[PDB]
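Inspection log for the structure reproduced underneath, given as structure tokens.
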Amino acid sequence: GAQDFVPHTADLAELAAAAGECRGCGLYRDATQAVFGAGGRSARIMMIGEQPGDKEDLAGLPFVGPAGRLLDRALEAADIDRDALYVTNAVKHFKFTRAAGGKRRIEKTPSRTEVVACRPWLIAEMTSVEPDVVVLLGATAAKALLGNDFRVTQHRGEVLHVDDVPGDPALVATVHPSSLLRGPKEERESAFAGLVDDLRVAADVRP
DNA sequence: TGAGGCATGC
Ligand code: SF4
């Protein structure tokens with residue numbers, strides 16, 4: 001995968017500019033641009049989503065579309081300052097399809113081989129940022145760091161620690177904010193509450 | 001429109 005394209009540097013601007021050159025999997029070809037993380041190395045909370053969506057791929061920034069707006073409300077309800085956040089995605093290029101007779105770009109879940117190929121960028125970000133806690137937003141991100149057998153619905157809101165992760169941060173898994181939109185509106189407010197609770201667990205981690 | 005975890009299809 002991407003490991004040869006990751007330069008030996010902790011400068012997020014250099015990593016981001018290099019990601020524009022990555023050939024670690026096929027996603028780079030149909031996407032507009034790599035969407036790297038956003039934030040500074042002084043962040044103590046890192047949050048990892050699945051992939052850039054349609055709006056993210058057009059803007060070049062993580063979490064700018066509907067799921068990111070919901071994440072924004074979740075952050076405010078958990079009293080998490082954005083000054084403490086570095087936010088990124090497990091996969092750096094937008095994976096999508098279109099209906100043959102349609103124009104809208106329809107997001108497709110990254111394959112597990114794409115997550116594995118792209119994980120060197122995530123490791124590079126984690127070493128550069130040295131977060132005290134990593135929030136895994138959804139199954140793709142959580143499995144990226146915790147193994148393909150990990151079930152976010154089974155262990156969300158738990159403070160976890162694994163050995164093979166650089167810097168031994170606390171890890172907190174939760175559901176991706178888009179799941180609240182995809183699921184029934186009847187469950188949406190309860191689901192938002194659950195997200196906010198998990199985020200509160202993550203913000204109260206003390207190294 | 002914007003998951004999750006299991007199942008089936010080739
Ligand atoms: S997705 Fe990750 S690994 Fe695949 S190309 Fe874009 S950057 Fe390289």
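Excluded from the calculations below are hydrogen atoms, water molecules and symmetry mates; all remaining heavy atoms, backbone and side chain alike, are included. Letters A, B, ... are given to chains in the order of the sequence lines, protein chains preceding strands, and every chain is numbered from 1.
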Verify, without hydrogens or angle tests, whether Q33(A) (side chain) and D57(A) (backbone) share a donor-acceptor contact under 3.5 angstrom. yes
Could you work out, with ring-ring contact (aromatic ring centres under 6.0 Å, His included) as the rule, every residue matching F150(A), not counting sequence neighbours? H155(A)
Distance check needed: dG4(B) P versus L137(A) CG, whole Å only. 9 Å
Could you list the donor-acceptor pairs under 3.5 angstrom formed by side chains in residues 195-207 of chain A, with sequence neighbours left out?
residue	atom	partner	partner atom	Å
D198(A)	OD2	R156(A)	NE	2.9
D198(A)	OD2	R156(A)	NH2	2.8
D198(A)	OD2	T174(A)	OG1	2.7
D204(A)	OD1	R206(A)	NH2	3.2
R206(A)	NE	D204(A)	O	3.2

Nearest-Å distance for atom pair CZ/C1', residues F94(A) and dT1(B): 11 Å
What is the distance, rounded to the nearest whole Å, between atom CD of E56(A) and atom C1' of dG2(B)? 10 Å
Qualifying residue, where the test is side chain to side chain contact (heavy atoms under 4.5 Å, CB included) with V133(A) and the options are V172(A), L171(A), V159(A): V172(A)
Considering just the side-chain nitrogens and oxygens of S178(A), establish if one lies under 4.0 Å of OP1 or OP2 belonging to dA3(B). yes
Which part of the nucleic acid, if any, lies within reach of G138(A) when heavy atoms closer than 4.0 Å are counted: base, sugar-phosphate only, or nothing? sugar-phosphate
Distance, rounded to the nearest Å, where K108(A) contributes NZ and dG4(B) contributes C1': 18 Å
Does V91(A) sit in a hydrophobic cluster with other residues, and if so which ones, taking ILVMFWY side chains as linked at heavy-atom separations under 4.5 Å, directly or through other members? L27(A), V115(A)
What is the distance, rounded to the nearest whole Å, between atom CZ of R188(A) and atom P of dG2(B)? 13 Å
Could you pull out all residues at least two apart from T88(A) that satisfy side chain to side chain donor-acceptor pair (under 3.5 Å)? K92(A), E125(A)
Atom NE2 of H176(A) and atom P of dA3(B): how far apart are they, to the nearest Å? 6 Å
Other hydrophobic cluster members with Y28(A), side-chain heavy atoms of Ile/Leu/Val/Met/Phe/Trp/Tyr under 4.5 Å, chained? none
Nearest whole Å is fine: how far is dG2(B) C1' from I106(A) CD1? 12 Å
Whole angstrom value for the distance that separates P of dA3(B) from CD of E107(A): 5 Å
Nucleotides 6-10 of chain B: which of its N/O atoms have a protein N/O under 3.5 Å away?
residue	atom	partner	partner atom	Å
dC6(B)	OP2	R151(A)	NE	2.9
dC6(B)	OP2	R151(A)	NH2	2.6

OP1 or OP2 of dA3(B) sitting under 4.0 Å from any side-chain N/O of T109(A)? no
